[PDB]
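These notes concern the structure reproduced below.
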Amino acid sequence: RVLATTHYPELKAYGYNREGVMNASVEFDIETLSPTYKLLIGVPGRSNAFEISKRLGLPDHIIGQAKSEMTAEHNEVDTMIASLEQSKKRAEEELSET
Amino acid sequence: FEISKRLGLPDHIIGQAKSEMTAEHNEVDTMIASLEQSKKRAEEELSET
């Protein structure tokens, strides 16, 4: 029985390529810049470095240049996780009203 | 790898790890399939809610 932790964009994908392996993450709230400590089984962890940097005042031209040094696949993955996570947030908020 | 080998890490793990440096992007497409499926489920659950 194995539980492992990583911050590497390789291992973001590790478990989906494997039988009997789960990929998970622990949720972060960028709007408070605080961890929610909530374990998301099945959902892998997006990186938010630029969004945190913007919320801390880093200039948009530096973020725009750094995002141009990234691969096309990197920018898709963290955006897809953000769209999933926002859809989950919407489901949770609309459920709390319900 | 040279440090890990010297500390006693087995040669088959080091051999395999030099291929784990290329065990990439096909994993990410398989991850993306799980991302889109998880998004689709969250939208179905929202529609039910």
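Each reported figure results from applying straightforward, stated rules to the coordinates on display, with no laboratory input. Neighbour counts are summed over all protein chains in view; Cβ atoms, including those assigned to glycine, are modelled from backbone coordinates with ideal geometry.
Mind scanning A:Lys54/A:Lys88; A:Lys54/B:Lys18; A:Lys67/B:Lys5; A:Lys67/B:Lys40; A:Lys88/B:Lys18 and naming the pairs with a C-alpha gap bigger than 29 Å?
The answer is A:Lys54/B:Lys18; A:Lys67/B:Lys5; A:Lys88/B:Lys18.
A crude spin-label estimate for the pair A:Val2 and A:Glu93, with each label 7 Å from Cα along the Cβ direction, gives 3.8 nm. Between A:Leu33, A:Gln86, B:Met21, the Cα set farthest toward the positive side of the dipole of the protein assembly as shown (charges on each charged residue's Cβ, about the Cα centre) is that of B:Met21.
Quote the FRET efficiency, to the nearest 0.05, computed for B:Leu46 versus A:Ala72 with a Förster distance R0 of 25 Å and r equal to the Cβ-Cβ distance. For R0 = 25 Å, the calculated efficiency reads 0.30.
Need one word for segment A:43-95: rounded, prolate or oblate. Basis is the Cα gyration tensor (sqrt eigenvalues a ≥ b ≥ c); a/c below 1.5 gives rounded, then a/b vs b/c decides. Don't skip to the answer; put the middle values down first.
Numbers: a/c = 3.31, a/b = 1.67, b/c = 1.98.
Here segment A:43-95 falls in the oblate category.
From the square roots a ≥ b ≥ c of the eigenvalues of the alpha-carbon gyration tensor of chain A, which class results: rounded (a/c under 1.5), prolate (a/b over b/c), or oblate? Oblate, because a/c is 1.5 or more while a/b does not exceed b/c. Straight-line cross-link reach from A:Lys89 at under 20 Å between alpha-carbon atoms covers these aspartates and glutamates, not counting any fewer than eight positions away in the same chain: A:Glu27, A:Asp29, A:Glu31, A:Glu51, A:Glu76, A:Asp78, A:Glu97, B:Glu36, B:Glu43, B:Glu44, B:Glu45, B:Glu48.
GluC sites (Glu not before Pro), restricted to segment A:1-42: which are DSSP loop and have at most 12 other Cβ atoms within 10 Å?
Numbers: sites: A:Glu10, A:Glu19, A:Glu27, A:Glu31; in loops: A:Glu10, A:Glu19, A:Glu31.
Here the sparse-neighbourhood loop sites are A:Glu19, A:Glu31.
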